[PDB]
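The same protein chain appears twice below, in two forms, each given on its own as structure tokens and labelled structure 1 and structure 2.
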Structure 1
């Protein structure tokens, strides 16, 4: 109890030294371990926000729906349910042997078990299915906004470019999942990071491009609506607001996740960006039905 009396002292710099595979000493400061713990806590906060927002959008979509068995309704229920399931599996990863400082510092591979590898592969499979559901919803949105045009030259080309981007990022997420599953099946302490960054940049650019297509086509539809009167607030303004939201907000979150400092756990901001890119469609359907019935009421 020598250092209690000292009024000026920094216990964040003091040395934790533990048994490890590099050596029996293995000294590290309290501030680096607290940075690790803050990274895990920030990941837990973002995945908690994801799970809670998806759970309540699932409840409100079950309650505030005029139409069920509708295809976009089913795609959105699959998307929100896969967000809930992926966040549940990520909560089960964060409170597990891999995330723990018993393996994040002391790299003893006996702590890891085959169940954690199975859960890892399951979480990657659920993320692949979630990206498939997101791209399915976006290609359905483009393929339903580009029907009806009488000059199908830029429309079919834009829809094929969107389908190519969607199947490209689903394939990139799929090959990233298979490559991570085989490299974890071989060695439990190995990682692949190139395919993840490729698939994440492909997903961000996919959401950006399809939101650009949606914003420009909704601007042209609103201009064609101004030719028919109709300067009232309508469903198309809600679609433009939520499309510009999915154009601006998760792009800014992706740029922020690539922009901020590393090793603080803020790299999972891509999840919150993916989450808002999902929630662009159910909240617009809720706002559209609410504005329809409230305008018929008013």
Structure 2
């Protein structure tokens, strides 16, 4: 402490409106305020919390699903059990990515391509292939959940139509994700400082559409089940409806979050409401798998 300045005794002085002087690719003499630096830091601090929550939840839900399910040879169990493992691998590679030199303030303020080494683009390119494999696992899980609902001979002509509207949309989603990943990765590899390509996010709208379709099918199945269990002399649910609606056995909340996500503007948290919705869909698929496979009008 050599000498304290006059600014230490000004009650109306506002730090954060001061100016940082720095050197960039456009020559020495660039300037920024402290609030833009803090806004750059707060987005990394905000997107590390979500992926830590994802890694923790999926890691502790894998063990629980092993120790609690009794029949462990069905395909639906295996697919639900590898989706959480791709969640954990995605979170691990994202943790590696966030502490490297490609998501730092140094690169952001000073856009020097000398700071990026070969390997950072490979950790940034493996993540976009883990994402496509996680989406493929979710879509195949949904298709397997649609197959088992209409196994009986009550409606053997609506089930094939629904399988044909839930199959095409899953290869549409996995194809728009592989084309977006290969088209972002050719650009990223060619030049390190380049704008990533987006297509009206025409991939999260397809994922949303698929999950909305699943919600629709399960609600329709419940409405049909009530009418089936009244014409025949059987009892009817009293407090079981609230479980099969609000307890994510119909994928209702993960299908409200995505349609509040792709409707609102980027200002109100568009990039935050999709990571939570993917986590919620992946965690809610073991619940929807128990209702879909269940018998419609059994004791």
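Here the rigid core means the biggest group of C-alpha atoms that line up within 1.5 Å when the two forms are laid on top of each other. Positions refer to the first chain, counted from 1.
Q: On a core-based superposition, does residue 30 travel 2 Å or more at its Cα between structures 1 and 2?
A: Superposed on the core, residue 30 moves its C-alpha less than 2 Å between structures 1 and 2.
Q: Superposing on the rigid core, is the CA of residue 254 displaced by 2 Å or more between structures 1 and 2?
A: Yes; residue 254 is a residue whose C-alpha shifts (by 2 Å or more) between structures 1 and 2 when the cores are overlaid.
Q: For a quick test of reading the superposition: does residue 288 move by 2 Å or more at the CA between structures 1 and 2, rigid core aligned?
A: Yes, shifts by 2 Å or more.
Q: If you line up the core, how far does the Cα of residue 153 move between structures 1 and 2, in Å?
A: A shift of 2.5 Å at the C-alpha.
Q: Given the rigid core as reference frame, how large is the C-alpha shift of residue 264 between structures 1 and 2? Answer in angstrom.
A: The alpha-carbon displacement, core-superposed, is 9.1 Å.
Q: Rigid core superposed, residue 223 Cα shift between structures 1 and 2 in Å?
A: Residue 223 is displaced by 4.2 Å at its C-alpha.
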